[PDB]
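Quick setup: one chain, the form deposited in one PDB entry, written in structure tokens, and binding and motion questions come after.
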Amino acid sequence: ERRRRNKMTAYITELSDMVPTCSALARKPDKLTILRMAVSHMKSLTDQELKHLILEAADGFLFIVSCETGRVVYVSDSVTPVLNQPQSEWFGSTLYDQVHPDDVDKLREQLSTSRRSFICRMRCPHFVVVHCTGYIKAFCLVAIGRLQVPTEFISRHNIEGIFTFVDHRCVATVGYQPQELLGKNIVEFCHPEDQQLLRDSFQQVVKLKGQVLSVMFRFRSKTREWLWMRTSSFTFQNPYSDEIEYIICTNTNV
């Protein structure tokens, strides 16, 4: 029934020692005295340090904007560590001025006829994604803004080898516009000699699901030049069903 007692005493020790003007004693006082000591000391002592709590956990800053003009009524200095921006810049300013041009319409609708939240790119022509979260108050928005976050080319295939995706770098790599590979099977750009080598390779990647396999072969460039290439690839399986979405390859000139 009484380990209540011993962490009440643990409480009294632990507590007693972070009261400094009490910690500073060779002998340490009784129950009530340690208590009133803490009391009077607390009195001696949650406000803007809250603001920095925000800045530390969330990487965020406070700002109020009139829903009328979009002009910034108030901006927390925490804007500076976040956006690398002087409070100056945000006081004579409108929030539309502070975002990406394409982010404007969205903003018009968050400032229209409750409580608000949205994502937008704010400048520090360099922008960063920012999550603003706030609410409307007497006609204004009190919200907080928060941050977070060629040699070769990648492709994707259905299991048969048809190109289903290529990164634009393909054009530099093999001379082809994406359009010229997409839809066609990869073994068609292959030297007949190496075609079996390519085929069997697909087998191995599918038979063994998830791990990576490499193969080297001659790939038909757009100037029709056989290109030694290593491609190394693995299947991509749905997280829920674990059946096979497709195959991902990286094709690197060798």
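Just so we're on the same page, rigid core means the largest C-alpha set that superposes within 1.5 Å between forms. Throughout, we count residues from 1 along the sequence that is shown.
- In at least one third of the other compared structures of this protein with flanking residues present, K28 is left unmodelled.
- Going from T113 to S114, the model skips 10 or more deposited residues, which lack coordinates.
- As listed in the deposited structure, the average C-alpha B-factor of 94-102 and of 151-159 is greater for 151-159.
- Taking the mean C-alpha B-factor of each stretch as recorded, 194-202 and 30-38 are not equal, and the higher mean is that of 30-38.
- Taking the deposited Cα B-factors for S78, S88, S117, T164, the highest one is held by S88.
- The maximum CA B-factor among the listed residues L55, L208, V187, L62, taken from the PDB record, is found at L208.
- When the modelled residues of the chain are ordered by C-alpha B-factor, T235 sits in the middle third.
- Ranked within its chain, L213 lands in the lowest third, by CA B factor from the PDB record.
- Compared with the other modelled residues of the chain, the Cα B-factor recorded for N251 ranks in the lowest third.
- Residue-level temperature factors show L50 in the highest third of its chain, judged at the C-alpha atom.
- Compared with the other modelled residues of the chain, the Cα B-factor recorded for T133 ranks in the lowest third.
Only in words, not in the display: the form deposited in another entry, which the text now covers.
- When the two forms are overlaid on the rigid core, CA displacement between this form and the one not shown of 2 Å or more is confined, within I64, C67, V206, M37, to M37.
- After superposing the rigid core, the C-alpha of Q237 moves by less than 2 Å between this form and the one not shown.
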